[PDB]
Structure formats: structure tokens, C-alpha cells
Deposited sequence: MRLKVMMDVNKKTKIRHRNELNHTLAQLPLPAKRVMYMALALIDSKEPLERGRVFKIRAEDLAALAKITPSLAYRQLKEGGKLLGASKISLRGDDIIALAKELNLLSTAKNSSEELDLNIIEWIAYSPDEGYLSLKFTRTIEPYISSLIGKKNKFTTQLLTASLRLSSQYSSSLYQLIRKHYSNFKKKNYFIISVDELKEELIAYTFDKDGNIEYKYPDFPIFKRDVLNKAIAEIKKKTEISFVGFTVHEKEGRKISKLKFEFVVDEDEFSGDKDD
């Protein structure tokens, strides 16, 4: 509601959001837009989400919004909370003979002639939006309208990460991160039938070009984040190990 709206969730939830296909992502943020982040949820609480509002907010033709809503709804239905793994120690305790379920969604339905979707969260997810207001750094806040406009898995993830690291509330913010921790943050990876990781742009200069730049481009182009740059932070002999990202944000 309105265009300077903010959504807020526990840091522990970032990875789950990053995993979501763009459409589900979209419906998820809309749902959060509807939430007073500081209070509990009525538990038996239903969220109508309207393609109309999506469209207006994401600057997308309504036709698409209808599609994306319906589809995002399906996908969200399937989606689970991605927890790893001592972070699961937290959750278990927080939430306390019955079982642990990691679905984001308890119930969901599009209304085919009616231009909207309805939705109900599971108790599990609740602690990730009902959120005793300190300590400030347990949380990520972002701008709903930026979140919605992004249209790239990498773009979004980067935007979130940056936001996650937006502590100062004044001019120049920055952070250090390792290439792989980044790739993990961006979901620039896969697996397959063997267990372990498989990174997506194995040789950096190609990664930098096909992911980091394109990404940085679009953020600058579609968001409040005014400047974003990054530099090699530490040696690594010849190879590249850690980047320092800097960024300023428009308070407008």
C-alpha cells in the first residue's frame, strides 16, 4: 500500500526468498506488504492479493500480473522454508506432541474470475514476520516497490544482500564477502544426485560479467540503491577471494 512501503523479515529467511522463482517471489512480497511487521498475526488470517495492485506496483501490464499471480500462487504453495541448520535449533525452541512442517503456505487459492489470490501462512513461518523490533541486525528491511520490479533472480538476491547490510542510515555503507559466500547468497549454484555444490560461473571474470555487472546495472536502474561498486578486498596470491562492496542509498 503506497509507494514508499517497506517489508521486513528475519535474516534467517533470506535464503528462502532467494530460492523462490520470480513469480512466487512477487506474491510473497505483496503478502508481506500487507503485514504490520511489529505485531503478531491473527493466525487464522487470510490475505487477498490483487493482480491489479501487483501490476501498478511492479509497473507490469495487468495481463502479466494475472498470469504471474496465478502461477506464483502455485509455486508458493509448493515452496518450503530453507533452513541450515543450527538456525533450526533457534526455530524449534522459539516455536515451543506434534510435528515440524516447513511449508511457507498453509492454504492458497486463486479465484479465477475475480482478479485475486488468497493465502494463509503456516505457524512455522510466523516467527519470521512478527518481529520483536530489536535487535535491529536480526532483520532485513526492503522497499516493496523495488523488490517487485526486479525481474532477475540475481538482481533480487543482490538487492536483498545489500539491504541486509544497510545498517548506517546515513551516506556510505559497505561490506566484505568471499566469492563463494556470494555465490551462495545469490543461488549461483546447483547440485545433482551426488550430494554437493556445483558453482555456476566457475571462472570469475565470466561470473563478474554475467552476474555481478548485469545485476549491479539493474539495481541502479530500478531501485533506491544509488551507487554500488565493489573491489578485490584481499590478495589470494593470483586468484580472487574476497570482494568489498560499497553502496549509497537514496532517502527520497
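- Stretches of the deposited sequence absent from the structure, as judged by C-alpha coordinates, are 1 to 8, 105 to 112, 269 to 276.
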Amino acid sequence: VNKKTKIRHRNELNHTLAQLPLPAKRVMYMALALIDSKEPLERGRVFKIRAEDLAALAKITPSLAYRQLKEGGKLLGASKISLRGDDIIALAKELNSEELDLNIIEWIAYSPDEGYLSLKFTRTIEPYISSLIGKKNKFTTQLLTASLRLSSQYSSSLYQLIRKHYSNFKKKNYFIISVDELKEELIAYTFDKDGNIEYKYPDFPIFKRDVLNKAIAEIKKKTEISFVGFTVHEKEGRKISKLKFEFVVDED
From here on, numbers count along this sequence of modelled residues.
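- When the mean C-alpha temperature factors of 25 to 33 and 187 to 195 are read from the deposited coordinates, 187 to 195 comes out higher.
- Look at the C-alpha B-factors of 232 to 240 and of 9 to 17. On average they run higher in 232 to 240.
- By the numbers in the PDB entry, the CA B factor is greatest at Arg43 among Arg43, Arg67, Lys59, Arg50.
- When the C-alpha B-factors of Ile104, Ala109, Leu75, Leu95 are ranked from the entry, the top spot goes to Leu95.
- Ranked against the other modelled residues of its chain, the C-alpha B-factor of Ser155 as given in the entry falls in the middle third.
- When all modelled residues of the chain are sorted by CA temperature factor, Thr223 is found within the middle third.
- In this PDB entry, the Cα temperature factor of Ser167 sits in the top third of its chain's modelled residues, the highest group.
- Residue-level temperature factors show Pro127 in the middle third of its chain, judged at the C-alpha atom.
- In the PDB entry, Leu148 places in the middle third of its chain by CA B-factor.
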